[PDB]
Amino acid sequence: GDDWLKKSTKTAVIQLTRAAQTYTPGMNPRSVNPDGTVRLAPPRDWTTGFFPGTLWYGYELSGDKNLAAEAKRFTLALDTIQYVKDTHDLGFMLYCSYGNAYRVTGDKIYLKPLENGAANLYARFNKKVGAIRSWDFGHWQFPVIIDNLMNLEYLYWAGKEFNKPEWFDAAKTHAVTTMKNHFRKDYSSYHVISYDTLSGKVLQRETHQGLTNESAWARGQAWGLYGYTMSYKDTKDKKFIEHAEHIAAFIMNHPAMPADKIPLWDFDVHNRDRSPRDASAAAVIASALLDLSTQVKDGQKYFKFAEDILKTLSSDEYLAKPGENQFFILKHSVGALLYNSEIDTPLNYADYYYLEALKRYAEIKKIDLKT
């Protein structure tokens, strides 16, 4: 039956309603600190766009006009991000917020900030490397992280919306370059590839938030799966769907994939029974597998795996009770374990991708979740 989905949606709507009443636009809820207080994400924070995005998704699921009003308020507080030049994360920041806003409402107030942001994101693409530079800090000449695949969605959309084929082509080139260099022979991914800015040659292959340079950081594996599923959706290049299916098999068949399908924070840890799980990785995987299931020849195995993840995420173990968890929807994500950062806490992006997955699932099943 579908009762789990209906009650989870009801709970999500309550949580979002209370969150939007409690937090202040421009200081978005991010995670819960060890002392129980809430870590907030100002406009410079890479996660700042997720909460308004989650509000848009809550509105789409429920039809609740209050959630649309709150989504507008929390979105427009992020106006300054259209001037940010130093990061690939403009997709997570602006496209999850303003991008969803414009898709849902068609209101032109959202459009110019999107156009300005897209030009700034494209400016980070280096033609000689064939990729967007992820960040500007630290010792790397030209670091590109697996997470940067997610930020391509913004450019595919903007290239079409604004008649800027080089923006679209740059995103596609980034996906092709990453497909070659970020993946090991078993279809696991590295976190960071560092390039030579002039020659485009690979200089280093290393982790940032995983266990080791050689390891399979779970959220990174999820960003890869999603990145190629979405790149297929937006470009229709069969190389991307083939790559997505190879990644999906690596993930789904992995010896360290737990019975309940919520990944360990890194697939290569030795302590499988007691290793912290990462709900955010599970949510990203579920959302991606649902889209993959509609794109491929026989998608049932992908749909079923995503459904099983969603049932686990929607259980008492993962889904906050109404009014609890500082109004976050899910529990048990891991931000950066080796940094002692955000270990076993709700995270705003876990909630965003979880509601995205619920919306995709409900669309496939034709389930009405309107209040």
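Residue numbers here begin at 1 and follow the sequence given.
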{"query": "Residue stretch of maximal mean CA temperature factor, 343-351 vs 14-22", "finding": "14-22"}
{"query": "276-284 versus 175-183 - which carries the larger mean C-alpha B factor in the record", "finding": "175-183"}
{"query": "Residue selected from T207, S189, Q141, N151 by maximal Cα B factor", "finding": "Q141"}
{"query": "Most elevated Cα B-factor in the entry, residues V296, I145, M93, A118", "finding": "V296"}
{"query": "Third of chain Cα B-factors occupied by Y232", "finding": "middle"}
{"query": "Ranked against its chain, the third holding the CA B-factor of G106", "finding": "highest"}
{"query": "Chain-wide C-alpha B factor ranking for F327, given as lowest, middle or highest third", "finding": "middle"}
{"query": "Third of the chain's Cα B-factor distribution that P263 belongs to, per the entry", "finding": "lowest"}
{"query": "Position of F50 among the chain's modelled residues by C-alpha B-factor, lowest, middle or highest third", "finding": "lowest"}
